[PDB]
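Taking it in order: structure first as structure tokens, then the write-up.
Each chain gets a letter, A, B and so on, in the order the sequences are listed, and its residues count up from 1. All heavy atoms count here, side chains included; hydrogens, waters and symmetry mates do not.
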Amino acid sequence: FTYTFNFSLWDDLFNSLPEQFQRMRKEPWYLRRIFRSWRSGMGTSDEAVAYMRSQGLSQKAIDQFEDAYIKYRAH
Amino acid sequence: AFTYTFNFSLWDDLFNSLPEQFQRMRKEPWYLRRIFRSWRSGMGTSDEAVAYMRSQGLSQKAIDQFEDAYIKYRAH
């Protein structure tokens, strides 16, 4: 499974992802590792969103990571 | 800009899923804000909001969290 994200140059400069999210965006094996753990632990969407907001992710970023996870479950 | 993170469980998301317009408010902060600002302008009452949410099949847990979100929105 691979997901290609959709961040603009503006995003990359001024909304830069925290290191662990950047690593998921850039390294498919890590995206998969994290998604697999998340799926195992039965974590909820609202908990995920609350965490990402606390880490300073944009709503755009949150939407894309939620989308990637949805596509990952199906895959 | 005001944001509220809801607290629904996996059980809620599967078996108590929100109607589309409520799901949208839950997932999209700009839409939560749009609706709350319109609600605030229209001077609708709490019992009217609850009556509507009940008719839409929202759980009491959902109703409580949207009421809470609105209270926090008004303060913010």
Side-chain angles (χ1 to χ4, degrees), chain A residues 1 3-25 30-75, chain B residues 1-41 46 49-76:
Chain A
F1 173 85
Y3 181 92
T4 301
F5 287 85
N6 189 33
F7 296 106
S8 68
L9 181 66
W10 196 264
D11 289 315
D12 292 338
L13 296 170
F14 301 114
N15 303 138
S16 62
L17 295 173
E19 185 173 40
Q20 71 277 33
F21 291 93
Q22 182 73 353
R23 194 164 172 210
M24 303 171 63
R25 176 225 195 151
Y30 191 69
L31 184 70
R32 290 188 301 263
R33 178 187 179 257
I34 296 308
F35 279 180
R36 183 180 67 251
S37 301
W38 184 250
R39 188 187 113 226
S40 303
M42 228 58 189
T44 75
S45 180
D46 285 333
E47 290 178 328
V49 170
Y51 177 72
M52 295 187 271
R53 292 190 171 138
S54 76
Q55 288 281 302
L57 268 70
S58 72
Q59 188 61 49
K60 179 151 160 211
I62 292 162
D63 292 342
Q64 288 187 29
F65 276 103
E66 174 184 59
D67 190 57
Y69 181 65
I70 290 173
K71 289 174 163 46
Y72 169 83
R73 337 194 270 201
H75 183 281
Chain B
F2 174 85
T3 64
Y4 184 90
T5 303
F6 289 84
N7 185 29
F8 295 105
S9 67
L10 180 48
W11 195 263
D12 288 318
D13 289 342
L14 291 174
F15 302 115
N16 298 328
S17 55
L18 298 171
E20 201 173 28
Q21 71 277 31
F22 294 88
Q23 184 73 350
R24 188 166 186 188
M25 297 175 311
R26 180 239 192 116
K27 297 300 189 174
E28 307 180 35
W30 80 272
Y31 192 70
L32 184 72
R33 285 190 303 260
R34 177 187 182 263
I35 297 303
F36 283 1
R37 154 179 27 196
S38 297
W39 183 251
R40 180 178 52 192
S41 289
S46 181
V50 171
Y52 175 74
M53 286 184 283
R54 287 193 174 138
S55 73
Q56 286 283 302
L58 273 69
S59 72
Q60 188 63 48
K61 164 143 65 156
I63 293 164
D64 291 342
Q65 291 188 23
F66 280 99
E67 174 183 49
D68 193 53
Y70 183 70
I71 291 167
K72 289 187 165 46
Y73 170 82
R74 256 195 307 186
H76 180 288

### Query
Of the backbone (N, CA, C, O) and the side chain (C-beta and beyond), which part of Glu47(A) lies under 4.5 Å from a heavy atom of chain B, both, or neither?
neither

### Task
Indicate yes or no: does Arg25(A) engage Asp12(A) in a salt bridge with an N to O separation below 4.0 Å.
yes

### Query
Between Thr3(B) and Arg53(A), does any side-chain donor sit less than 3.5 Å from a side-chain acceptor?
no

### Query
Salt bridge or not for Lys27(B) and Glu66(A), using N-O below 4.0 Å?
yes

### Query
About how many Å separate CE of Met24(A) and CG of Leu31(A), when rounded to the nearest 0.5 Å?
4.5 Å

### Query
Are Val49(A) and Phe6(B) side-chain neighbours, meaning at least one heavy-atom pair lies under 4.5 Å?
no

### Interface residues of residues 34-46 of chain A facing chain B - non-hydrogen atoms under 4.5 Å apart
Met42(A), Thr44(A), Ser45(A), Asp46(A)

### Query
Going by atom types only, do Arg23(A) and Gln20(A) share a side-chain donor-acceptor pair under 3.5 Å?
no

